[PDB]
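Visitor: A structural model of the following input is requested.
(one chain, ligands or ions: 2)
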Amino acid sequence: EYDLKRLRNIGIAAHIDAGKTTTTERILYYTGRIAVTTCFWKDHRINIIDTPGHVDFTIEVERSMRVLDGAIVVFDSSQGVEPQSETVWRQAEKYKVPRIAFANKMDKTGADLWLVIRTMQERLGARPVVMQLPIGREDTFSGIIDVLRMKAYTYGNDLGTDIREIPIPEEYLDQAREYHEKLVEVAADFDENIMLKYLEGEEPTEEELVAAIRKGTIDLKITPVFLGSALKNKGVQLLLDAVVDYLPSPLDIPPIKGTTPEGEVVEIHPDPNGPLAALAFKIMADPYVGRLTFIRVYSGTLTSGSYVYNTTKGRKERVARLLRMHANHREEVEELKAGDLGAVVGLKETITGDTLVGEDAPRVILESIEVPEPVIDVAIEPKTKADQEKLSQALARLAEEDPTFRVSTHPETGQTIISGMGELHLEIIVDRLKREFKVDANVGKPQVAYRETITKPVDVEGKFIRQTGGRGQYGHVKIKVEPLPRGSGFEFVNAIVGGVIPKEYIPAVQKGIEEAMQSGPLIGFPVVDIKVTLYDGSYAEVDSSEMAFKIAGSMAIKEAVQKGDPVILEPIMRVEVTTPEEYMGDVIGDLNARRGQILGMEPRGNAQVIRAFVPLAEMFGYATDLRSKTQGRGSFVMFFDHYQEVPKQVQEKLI
Ligand SMILES: Nc1nc2c(ncn2[C@@H]2O[C@H](COP(=O)(O)OP(=O)(O)O)[C@@H](O)[C@H]2O)c(=O)[nH]1
Ligand SMILES: [Mg+2]
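Guide: Numbers count the residues shown, from 1 in each chain. Ligands and ions are numbered 1, 2, ... in the order given. What follows is the structure:
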């Protein structure tokens, strides 16, 4: 019942509103008549990996490219290859995943198969190949002509319940032959047996044509193009056939690659009997059974009721039950092998992105272990305590499913501060909270998580001598604070020596420092990358207390940071801007205006991918300015790289 050769992990992707959901639903319908939904067609298992809701979900998208094997790009046949279409395309190119295209909405007014073919050629340099011609134009669209097999199909209704293989109507008869000749030509580019025949004017075997087009599609050399109307149930069954005919099995594509703890890259091969290696890519919380953590098995076998090792951490996780999600029901399975996908129940310490392995297998990691330094802060204020109550709750819960964000209570304001990887991250989170959790609050505008730090050693003291509330308080500390190498964080060294400061308070003076670091002097942002050494001070036999030293520590640090030629530190993003050749130095000047630094340009497909360093504070509304200069065709990804000292000029302003 299992056989790689007949597995087919795909993922539908299209410009928003083009027809991804409908196309997927119609697939499940047709295959159904007998995060990752499975189904069968012509003796083949199709695992429809669920691609991110929108291309902007960059991280999610790249991960889904690695989790799927083949793709079906859906275009609105009346719009052609739109901006996002281009975006997903670049993505598909980046992960070299074979693909086929589907011209959807052929039934709609303005729908044109040639607009999709031409724009695919033009914008994407896709080298499409006409796999079929339509019958009827708009509301009169009624049939599809397979031009590889020279046969037509007409549809009795808009319900996908009356399909009839009629011969090609004389009226498109010539066009079919024209494209069939053209289709044979393309196939000859991948098979000499066919090239010979083509030249001979001979007719190659369907099995021959189908295999060469497949070879080509999987070699990233061509893109079969099919058409239809998802909503009007036309062409979907023909699309299901294309999937099996031309889309790759876990054996047709190069193996996924992973890194061992030794930093050594490795090719993980799709060997069911080899050591297990799987990726968890979507942690969902199903109503009955709790959290389903979806995984892609790359090699080896995942067994039900067993132990897998989480290399992205270091503990044995327990896979309770394994299920395959079908269109209208769940199915418990005894195991999932190489090239397959499913949802494992259990696994409480495993989060999306982690790697699970054989427990007696190499400890490879399919993804980086690094963590997204929170670079965007957004304040939230529940509106009624009742909303406040279910807010921090929704957070605790949502915090486990995704730990790439941190929450804090702003020092002075006392406000709740959610921090993420970028405006978008925070956007989906915030949204998720008002919807899934129906928590309504006032959400502040996103800002960059600046940090503060000194740039020269200082030796200061903190005294807190006061008759506070009747009794006297006395705290005296003398610390030496010096700058730590960027990224070292915090270090407290207690060099105290003669009971000079009663041990009873050492931790208390640290508590004071930790708190006065929650707000630098320049802009009241966190102080980081500093070494603090308490070496002297004094106490009052009766007047001292944990509080006096606590405050004494707070004072000492405010003093130390204000005196050490403090400097503001801003996040520096690593930006990859994929753009059409034409708008080249055009986009390069903008990034330089954003105080950027280009690191080079290495082409992708028929487009140019520019790599650069740009300060996050300069990326606000970049998505817009970009499309403003790449005439809507450009796009880009962005990641945190390092923290940097803001320029002399920049500083004087932020202050
Ligand atoms: N006329 C027509 N409408 C379609 C077709 N496919 C999808 N739609 C409609 O277009 C809208 C967006 O489609 P949907 O699949 O949700 O787009 P998605 O954002 O790509 O998932 C919905 O109103 C669909 O019913 C099609 O072939 N023809
Ligand atoms: Mg949708």
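
Visitor: most residues in a single strand of the protein, which one?
Guide: The single longest strand within the chain, with elements called by DSSP state E, is strand 567-580.

Visitor: Buried residues of it, list them for me.
Guide: Along strand 567-580, the positions that meet the burial threshold by neighbour count (16 or more other CB atoms under 10 Å) are 567-573, 575-580. Where C-beta positions appear, they are placed from N, C-alpha and C, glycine not excepted.

Visitor: Turn those into CSV, including distance to ligand 1.
Guide: CSV is the format used below for the buried residues of strand 567-580 (distance: CB to the nearest ligand atom, whole Å):
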residue, distance to ligand 1
567, 47
568, 42
569, 41
570, 36
571, 32
572, 34
573, 29
575, 27
576, 25
577, 25
578, 21
579, 24
580, 24
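
Visitor: Adding distance to residue 228, write those out as JSON lines.
Guide: Converted to JSON lines, these look like this (distance: CB to CB, whole Å):
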{"residue": "567", "distance to residue 228": "60"}
{"residue": "568", "distance to residue 228": "57"}
{"residue": "569", "distance to residue 228": "54"}
{"residue": "570", "distance to residue 228": "50"}
{"residue": "571", "distance to residue 228": "46"}
{"residue": "572", "distance to residue 228": "47"}
{"residue": "573", "distance to residue 228": "41"}
{"residue": "575", "distance to residue 228": "38"}
{"residue": "576", "distance to residue 228": "34"}
{"residue": "577", "distance to residue 228": "35"}
{"residue": "578", "distance to residue 228": "29"}
{"residue": "579", "distance to residue 228": "32"}
{"residue": "580", "distance to residue 228": "29"}
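
Visitor: so what secondary structure elements neighbour the helix or strand just after the longest strand of the chain?
Guide: Toward the C-terminus, strand 567-580 is succeeded by helix 585-593 as the next helix or strand (DSSP states H and E). Packing partners of helix 585-593 (3 or more CB pairs under 8 Å, 6 or more residues apart in numbering; DSSP states H and E): strand 567-580, strand 597-604, strand 607-615, helix 622-629.

Visitor: Can you add distance to residue 154 and give those back as TSV?
Guide: TSV is the format used below for the helices and strands packed on helix 585-593 (distance: least, CB to CB, whole Å):
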stretch	distance to residue 154
strand 567-580	40
strand 597-604	41
strand 607-615	40
helix 622-629	42
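
Visitor: Spell out which residues of this structure are next to ligand 1.
Guide: Those residues of the chain that sit near ligand 1, judged by CB under 6 Å from any ligand atom, are 14, 16-22, 104-105, 107-108, 229-232.

Visitor: Apart from its chain neighbours, what residue comes closest to residue 18?
Guide: Spatially, and ignoring its direct neighbours in sequence, residue 18 is nearest to residue 76 (4.4 Å; CB to CB, 6 or more residues apart in numbering).

Visitor: Could you pull up the residues touching that neighbour?
Guide: When the contact criterion is CB atoms under 8 Å, 6 or more residues apart in numbering, the partners of residue 76 are 14, 15, 17, 18, 19, 82, 104, 105, 108.

Visitor: Which among these count as buried?
Guide: Applying a neighbour-count criterion of 16+ other CB under 10 Å, the buried members of the contacts of residue 76 are 14, 15, 18, 19, 82, 104, 105, 108.

Visitor: Next, the nearest residue in space to the fourth one that is not next to it in sequence: phi, psi?
Guide: I take that to be residue 19. Of all residues beyond its chain neighbours, the one nearest residue 19 is residue 104 (4.0 Å), with distances taken as CB to CB, 6+ apart. Recorded main-chain torsions at residue 104 are phi -90, psi 160, according to degrees, to the nearest 10.

Visitor: now the closest residue to residue 401 other than its chain neighbours, which residues is it bridged with?
Guide: Excluding the flanking residues, the one nearest residue 401 by CB to CB, 6+ apart is residue 283, at 5.1 Å. Under DSSP bridges, the beta-bridge partners of residue 283 are residue 293.

Visitor: What of residue 145?
Guide: As assigned using DSSP bridges, the partners bridged with residue 145 are residue 133, residue 152.

Visitor: I'd like to know how far residue 106 sits from residue 636.
Guide: When CB to CB, to the nearest Å is the yardstick, residue 106 and residue 636 sit 32 Å from each other.

Visitor: ok, the two, which is more surrounded?
Guide: Set side by side, residue 106 and residue 636 show unequal neighbour counts under other CB atoms under 10 Å, the larger going to residue 106 at 26 against 23.

Visitor: mind listing what that one touches?
Guide: Residue 106 touches 77, 113, 134, 141, 227, 228, 229, 234, 235, counting by CB under 8 Å, 6+ apart.

Visitor: Out of those residues, name the ones that lie in helices.
Guide: When the contacts of residue 106 are checked against helices using DSSP state H, the ones located there are residue 113.

Visitor: Residue of the stretch 51-200 of the chain nearest ligand 1, please.
Guide: Across the stretch 51-200 of the chain, the shortest distance to ligand 1 (CB to the nearest ligand atom) belongs to residue 105, at 4.0 Å.

Visitor: quick one, phi/psi of that residue?
Guide: Recorded main-chain torsions at residue 105 are phi 70, psi 30, according to degrees, to the nearest 10.

Visitor: Hmm, residue 19 and it touching each other?
Guide: Yes: using CB atoms under 8 Å as the test, residue 105 is close enough to residue 19 to be in contact (6.4 Å).

Visitor: which neighbours do those two share?
Guide: Here residue 105 and residue 19 have 76, 230, 231 as joint contacts, going by CB under 8 Å, 6+ apart.

Visitor: chain center to stretch 164-172, what's the gap?
Guide: Centroid separation between stretch 164-172 and its chain, computed with CA atoms, centre = their mean, to the nearest Å, is 45 Å.
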